[PDB]
Every structure is written in structure tokens, then in C-alpha cells.
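What follows is a short report on a single structure.
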Amino acid sequence: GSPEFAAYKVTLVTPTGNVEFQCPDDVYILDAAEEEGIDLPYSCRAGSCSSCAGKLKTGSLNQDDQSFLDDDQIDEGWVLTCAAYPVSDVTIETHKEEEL
Ligand code: FES
């Protein structure tokens, strides 16, 4: 039932407004946002820090490539946007490092 290629609608709730774009299912959220000209926080780009943190509001992600968040944090909706792939349409609140 699965497509050979897919993308998903990403809605980012950023400090300067909501923005939306299609993200390939094999491109990380951060990278796809940047390709669309959206400036999001980051540092390591390796899944091992707090800089790119966001909160997942709607939908589902694959965060196998992240390491810094613990299992409880993942269960509570934390996202490292540099290391997350969408597996559905998603809504993510960005710029959330301060809440960790
Ligand atoms: S920029 Fe460090 S985990 Fe994403």
C-alpha cells in the first residue's frame, strides 16, 4: 500500500508566524524548512543537543536519528528538528529549547 515516494505537509508554528511546506519522507524537518527559506535554530545538526528543539502538536515523526532527548521527552512530544523525518502530515512548534 506504500508509495515509492512521498512527502508530507509540515506546519511550523514559529515565533514570527505559521509557515507550511511539503517535506519529503527522507528529508529532515530542519533541512526542508531551510530549503524553503525558513530560519530555524540549530547548532550540532547531529541529534545531540537542544538547539533545534520543537514540540510536536499534530501527527507522527520518526526520530530514530536523534539521541539527546530521553524516552520520556519523546513520549511528551519533544522533537529535534535536525534529526526528525515526518511519517504523516505534522504540526510542530519551533524555537522551544528554553522549555527543556
Ligand atoms: S541542532 Fe543539535 S540536536 Fe538538532
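In the C-alpha cells, chains take letters A, B, ... by order of appearance, with residues numbered from 1 within each chain and ligands from 1 in the order shown.
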
Environment of ligand 1 within 10 Å, counting only C-alpha atoms and all ligand atoms, reported as a PyMOL selection string: chain A and resi 30+40-54+65-69+79-84

Between CA of residue 75 in chain A and CA of residue 23 in chain A - distance in Å to one decimal: 22.6 Å

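If only C-alpha atoms are the atoms counted, then among A:57, A:16, A:73, A:7 the closest residue to residue 92 in chain A is A:57.
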
Picked from chain A by DSSP as strand (DSSP E or B), as a PyMOL selection string: chain A and resi 7-14+17-24+53-58+61-62+78-80+85-86+90-93

Counting only C-alpha atoms, the residue of A:3, A:24, A:77, A:37 that sits nearest residue 93 in chain A: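 Ranked by minimum distance to residue 93 in chain A, first place goes to A:77.
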
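Distance annotation: of A:70, A:14, A:26, A:55, the residue with the minimal separation from residue 99 in chain A is A:55; atom set is only C-alpha atoms.
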
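Distance-wise, CA of residue 89 in chain A and CA of residue 31 in chain A end up 16.1 Å apart.
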
Between CA of residue 35 in chain A and CA of residue 58 in chain A, distance in Å (one decimal): 22.2 Å

Nearest to residue 63 in chain A by atom-to-atom distance, counting only C-alpha atoms, from A:20, A:28, A:13, A:88: A:28

All alpha helix (DSSP H) residues (DSSP, backbone) inside chain A, as JSON, numbers by chain: {"A": [29, 30, 31, 32, 33, 34, 35, 71, 72, 73, 74, 75]}

Take the selection from the previous step and output its residues with N, CA, C and O atoms, as a short mmCIF file (atom, residue, chain, number, x, y, z; two decimals), in the first residue's frame.
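Contents of selection08.cif, freshly written:
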data_model
loop_
_atom_site.label_atom_id
_atom_site.label_comp_id
_atom_site.auth_asym_id
_atom_site.auth_seq_id
_atom_site.Cartn_x
_atom_site.Cartn_y
_atom_site.Cartn_z
N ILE A 29 13.10 17.52 8.90
CA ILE A 29 12.28 18.74 9.02
C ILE A 29 13.12 20.00 8.84
O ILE A 29 12.76 20.91 8.08
N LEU A 30 14.25 20.10 9.57
CA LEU A 30 15.05 21.32 9.52
C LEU A 30 15.55 21.58 8.11
O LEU A 30 15.52 22.73 7.64
N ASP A 31 16.05 20.55 7.45
CA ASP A 31 16.63 20.75 6.13
C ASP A 31 15.58 21.20 5.14
O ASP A 31 15.84 22.07 4.30
N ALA A 32 14.38 20.63 5.21
CA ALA A 32 13.32 21.03 4.29
C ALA A 32 12.88 22.45 4.57
O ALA A 32 12.60 23.21 3.63
N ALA A 33 12.79 22.82 5.84
CA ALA A 33 12.43 24.19 6.17
C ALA A 33 13.45 25.17 5.60
O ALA A 33 13.09 26.20 5.03
N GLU A 34 14.73 24.84 5.72
CA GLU A 34 15.76 25.75 5.26
C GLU A 34 15.73 25.90 3.76
O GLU A 34 15.98 26.98 3.23
N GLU A 35 15.46 24.80 3.06
CA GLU A 35 15.33 24.88 1.60
C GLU A 35 14.20 25.81 1.17
O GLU A 35 14.26 26.37 0.08
N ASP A 71 13.56 8.97 26.48
CA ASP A 71 12.32 8.34 26.02
C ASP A 71 11.10 9.05 26.56
O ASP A 71 10.11 9.22 25.84
N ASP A 72 11.17 9.54 27.79
CA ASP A 72 10.05 10.29 28.35
C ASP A 72 9.82 11.58 27.57
O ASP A 72 8.67 11.95 27.31
N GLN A 73 10.90 12.27 27.19
CA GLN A 73 10.77 13.51 26.41
C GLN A 73 10.14 13.25 25.06
O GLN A 73 9.27 14.01 24.62
N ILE A 74 10.55 12.18 24.39
CA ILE A 74 9.91 11.81 23.13
C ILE A 74 8.42 11.56 23.36
O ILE A 74 7.57 12.05 22.61
N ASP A 75 8.08 10.81 24.42
CA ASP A 75 6.68 10.49 24.66
C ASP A 75 5.86 11.74 24.92
O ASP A 75 4.66 11.77 24.65
#

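Closest to residue 96 in chain A among A:64, A:56, A:25, A:39 is A:56, based on only C-alpha atoms.
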
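Distances from A:15, A:76, A:9, A:91 to residue 59 in chain A were compared using only C-alpha atoms, and the smallest one belongs to A:91.
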